[PDB]
């Protein structure tokens, strides 16, 4: 169950969606979305195709193919690139060409947070926060614990999903092993089974047995 219309696992990883932007009214959201094709044109190579297509279809309805690492679904959207909405960009997004293979498995589940911890100072929320990624200069050697190491005592920008708001946000944290306590975060982290982005659920207030 994958279906990648055109082949491959590369695409445009969405990083920012300006409010009231065509990208926004199209239903794009940061970090979970990859633009995979636009107007029949599959974006599986790092070039100008997207820019160029955006500009040839200015003020004209177009179809877009979005993969989501939240749901693992493809979805079709319609977008009208524009100069009329007020903001910079015909789309109004920041993006980056890269792979979405296994992106749903690169998540870290924030558990308990010790007070005065670097996790606390960063605003990490116990249980409802999921670190789903990070911004590196050179978009390079990912993996949370590796980053936490290479960023000892340095400012580090994380992408976090929250279950309560169902929203993502950017969080600056400074891993600091000299914080008084154990570790460099001051918080528990769960990874793996039961610690991936929660699914839904369909049916609210259905009856269960436990």
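Numbering follows the first chain given and starts at 1.
Mean CA B-factor, 13-21 versus 186-194: the higher value falls on 13-21. When the two stretches 141-149 and 57-65 are set side by side, the higher mean Cα temperature factor goes to 141-149. The PDB entry gives the largest Cα B-factor of the residues 114, 135, 76, 129 to 76. Among the modelled residues of its chain, residue 32 has a C-alpha B-factor that falls in the lowest third, as given in the PDB entry.
Ranked by C-alpha B-factor against the other modelled residues of its chain, residue 46 falls in the highest third. Residue 83: CA B factor in the highest third of modelled residues in this chain (values from the PDB entry).
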